[PDB]
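See structure below.
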There are 20 protein chains.
Amino acid sequence: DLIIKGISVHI
Amino acid sequence: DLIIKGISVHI
Amino acid sequence: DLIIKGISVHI
Amino acid sequence: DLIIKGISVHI
Amino acid sequence: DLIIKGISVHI
Amino acid sequence: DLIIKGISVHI
Amino acid sequence: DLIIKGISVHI
Amino acid sequence: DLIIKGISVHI
Amino acid sequence: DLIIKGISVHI
Amino acid sequence: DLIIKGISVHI
Amino acid sequence: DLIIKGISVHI
Amino acid sequence: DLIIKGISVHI
Amino acid sequence: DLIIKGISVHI
Amino acid sequence: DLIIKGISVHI
Amino acid sequence: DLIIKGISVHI
Amino acid sequence: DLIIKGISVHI
Amino acid sequence: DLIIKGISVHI
Amino acid sequence: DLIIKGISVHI
Amino acid sequence: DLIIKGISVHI
Amino acid sequence: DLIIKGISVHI
């Protein structure tokens, strides 16, 4: 069981 | 069980 | 069980 | 069990 | 069990 | 059990 | 059990 | 059990 | 059990 | 059990 | 050519 | 050519 | 060519 | 060519 | 060519 | 060629 | 060629 | 060629 | 060629 | 060639 969470804030 | 969390703030 | 957490702040 | 935490602040 | 923590501040 | 902690401040 | 701690301040 | 601590200040 | 501590200040 | 401590100040 | 692979790739 | 693959690819 | 691989690659 | 590999690669 | 490998590589 | 390897490589 | 290896390499 | 090895190498 | 080895090498 | 070895080498 693997979890992948990205967050990208690029102005 | 592996967890991958990225965060990228690039102006 | 391995955990990978990156954080990148690049202006 | 291994833990990898990077932090990169590059202006 | 091994722990790897980097921190890089490069202006 | 081994621990690796780097810190790099390069202007 | 071994511990490795570097610190590098290079202007 | 061995401990390795470096410190480098190079202007 | 052995301990290794370096310090280097080089302008 | 042995201890190794260097100090180097080189301008 | 240029090649990236991974389970999680964050560009 | 240019190639990315992954289970999660975030551009 | 240029090649990166990894379980987590963060560019 | 240029090659990086790793379980976690942070560029 | 140029080659880096590691369990954690931080460029 | 140029080669670095390690369990933790911090450039 | 140029070769560095280590359990922890800090450039 | 030039070769460094170690358990902890600090350049 | 030039060769350094050690358990802790501090350049 | 030039060769240094040691348990702790401080250049």
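Residue numbering restarts at 1 in every chain; chains get A, B, ... in the order shown in the structure tokens, and ligands count up from 1 in that same order.
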Can you superpose chain N onto chain J by least squares over all C-alpha atoms paired in order and give the moved copy as a compact mmCIF listing (two decimals) with N, CA, C and O atoms, in the first residue's frame?
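superposed-v1.txt, freshly written:
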```txt
# COMPACT_ATOMS: atom_id res chain seq x y z
N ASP N 1 40.37 4.23 17.64
CA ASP N 1 39.90 5.61 17.55
C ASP N 1 41.02 6.61 17.31
O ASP N 1 42.19 6.34 17.60
N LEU N 2 40.65 7.76 16.76
CA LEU N 2 41.57 8.86 16.54
C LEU N 2 40.79 10.15 16.77
O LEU N 2 39.66 10.28 16.29
N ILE N 3 41.38 11.09 17.49
CA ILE N 3 40.67 12.27 17.97
C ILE N 3 41.52 13.51 17.72
O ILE N 3 42.66 13.58 18.19
N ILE N 4 40.97 14.48 17.01
CA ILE N 4 41.52 15.82 16.93
C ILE N 4 40.48 16.79 17.45
O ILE N 4 39.29 16.64 17.17
N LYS N 5 40.92 17.77 18.22
CA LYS N 5 40.05 18.88 18.57
C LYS N 5 40.84 20.17 18.45
O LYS N 5 42.07 20.15 18.39
N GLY N 6 40.13 21.28 18.42
CA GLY N 6 40.80 22.56 18.34
C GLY N 6 39.82 23.67 18.06
O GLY N 6 38.67 23.43 17.71
N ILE N 7 40.30 24.89 18.26
CA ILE N 7 39.51 26.03 17.82
C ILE N 7 39.63 26.20 16.32
O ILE N 7 38.65 26.53 15.64
N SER N 8 40.81 25.95 15.78
CA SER N 8 41.03 25.85 14.34
C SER N 8 41.86 24.61 14.09
O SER N 8 43.00 24.53 14.53
N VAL N 9 41.29 23.64 13.38
CA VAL N 9 42.03 22.45 12.98
C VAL N 9 42.14 22.45 11.47
O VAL N 9 41.13 22.62 10.77
N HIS N 10 43.36 22.34 10.96
CA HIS N 10 43.61 22.35 9.53
C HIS N 10 44.34 21.06 9.19
O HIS N 10 45.51 20.89 9.56
N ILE N 11 43.67 20.16 8.49
CA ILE N 11 44.26 18.87 8.17
C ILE N 11 45.01 18.95 6.86
O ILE N 11 44.43 19.27 5.82
```
Among chain C, which ones does DSSP assign to strand (DSSP E) (computed from the backbone)? Answer as an NGL selection string.
:C and (3-5 or 8-10)
